[PDB]
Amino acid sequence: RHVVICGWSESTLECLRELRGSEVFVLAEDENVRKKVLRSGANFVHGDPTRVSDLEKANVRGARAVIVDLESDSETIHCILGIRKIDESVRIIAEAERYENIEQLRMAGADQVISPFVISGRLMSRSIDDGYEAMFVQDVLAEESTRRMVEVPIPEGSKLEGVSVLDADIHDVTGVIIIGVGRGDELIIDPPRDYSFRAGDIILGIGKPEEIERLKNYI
């Protein structure tokens, strides 16, 4: 389908770059960003992210997801309320500028809130002696990285359905390091050898392209 981005910022620019090859619509009030937006691989809709009519024009209804990052947390929350009037099921991902506004965004309808400064501050605290942890985080989240983090869903009828982590022996078989399994609303990091996989489970792993393809085929 398509993804809709509300607001044009250093965060949303990086997001668009990472969605290369995907259809994207960017909705913003500053008409001067159209060229960069087009060059960046997306369609640009000039409008107000807090206005239902404009959110509808940017094709919010039925979108795979809507990403929101307006200049202010107050503007961001108004946009979320607006999206929910159009599609109460579409996934909404919003950026919070200040920690004190996170819950407000969730209440408005955000399914996920990303707080750049909370992540940066935590990384700052972990970088007093060296920068390996920050390096790890920034790199595995990049689609272009040689060894990156991938999400692989366990399809219905998978050979691993009902199979334990131990028996799946994924790392030796694929080369992919399993960091966690997403099931329902939670994430199980380093699942016990006992853990039994289920269809619908999301395997979070790290590996090179080759190893990733192997995991997909294995799964």
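In this text, residue numbers run from 1 along the sequence as written.
Per the PDB record, of the two stretches 99 to 107 and 123 to 131, 99 to 107 carries the greater mean B-factor over its C-alpha atoms.
In this entry, 158 to 166 has the higher mean Cα B-factor, the comparison being between 158 to 166 and 24 to 32. Among 66, 37, 70, 58, the highest C-alpha B-factor in the deposited entry belongs to 37. Highest CA B-factor among 189, 52, 177, 45, as stated in the entry: 189. Remark: residue 78 belongs to the highest third of its chain, ranked by C-alpha B-factor as recorded. Among all modelled residues in this chain, the alpha-carbon of residue 115 has a temperature factor (C-alpha) in the lowest third.
When the modelled residues of the chain are ordered by C-alpha B-factor, residue 210 sits in the highest third. The deposited CA B-factor of residue 15 belongs to the lowest third of values across its chain. Annotation for residue 147: CA B-factor lies in the highest third of the chain's modelled residues.
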